[PDB]
């Protein structure tokens, strides 16, 4: 009660309705986490159905991660990486990331989050073309329904228009093309080609894509989509940036999302699950040719970086986090439990009247709600079906998040990679019960 009033007075939340906060107070005040579970201050326990924010990949309560952070903080919590200063944790983490990326992605620039990483990637690809002598190759192409963060550049690279309306556009040379959502590869790829030709490939620096569009509703591309993308980018001399902020570190049943489509990007950004959210960290990995151009032509000080780039404690936590993912076979577990969740939720679809698509790639998936799945009739937006299911799930002990941009009704699912079959079974049953409740309240 005191915590609720203090929150209202003093804490302006990210991605929260301030008017809701003032009227109702915090929806929930979390206190403790353990494995896939979170407990609030009233003692009620929940399954953390999207891993908090698609990031607590190894689960809550990891004594080993706490110990790895405490050991480095006693030893040397922070040291500068500026002016070529370095330290062993960042070096070892960079070497480790290079050992687990796609072939040729061996050089890492560190940050503290996903927005920082994507803003850095925009600046790095523009820097790359400028030192190449092509200062006109400047524009960033990205997808509708994409989400790339909300620092000033990534706010406009983000393809969901709600994010532009908070402050307006601050960036300039950005272009949004059609997504593969409910589209063929040829349609999506031709939209990219048409925009490239309207703009002229000599003005374009890079194409950014999430392997699986996360905030857009877990949009999983056709099997040939990124093969084409990679061929188009090659043909026009455009850099392909893969945004692995959600899909990285085992989330889709591969170490990185893009491996599902057998394509190597020029650049990759990451954050979130690299530390299972225990410590803010992100970064940008670049290909060998790009690193070589940097070495040859990036003269003097590289005028970009963050105080906390390469933070030794972040790096110590990330190293232990990656070792856990390897030792517990969490990449493989993510693929098998994603299959198990998809199989179960398909059965649930057949028990209900209002479930449309059910899709997963590893432990990254989604359940669409529709007035008539067989004809693909959606609910009108004013019924707010997916948010109602979120609320019913919440009351039944499951935290999920919904996506309704542009008249969709999508329940997102992405539990921690440690989840087991017993737990998948209960999660599926609760999802059934919550959709059934809303299905019933709708007459």
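Residue numbers count along the first chain shown, from 1.
In this entry, 405 to 413 has the higher mean Cα B-factor, the comparison being between 405 to 413 and 33 to 41. In this crystal structure, the stretch out of 228 to 236 and 95 to 103 whose C-alpha atoms carry the higher mean B factor is 228 to 236.
Highest CA B-factor among 153, 342, 325, 108, as stated in the entry: 342. Per the deposited record, 383 carries the highest C-alpha B-factor of all listed residues (398, 53, 383, 58). When the CA B factors of the chain's modelled residues are split into thirds, the value for residue 123 lands in the lowest one.
Ranked by Cα temperature factor within the chain, residue 308 sits in the lowest third according to the deposited record.
Per-chain ranking of the deposited C-alpha B factor places residue 217 in the middle third.
Sorting the modelled residues of the chain by their CA temperature factor places residue 259 in the middle third.
Ranked against the other modelled residues of its chain, the C-alpha B-factor of residue 27 as given in the entry falls in the middle third.
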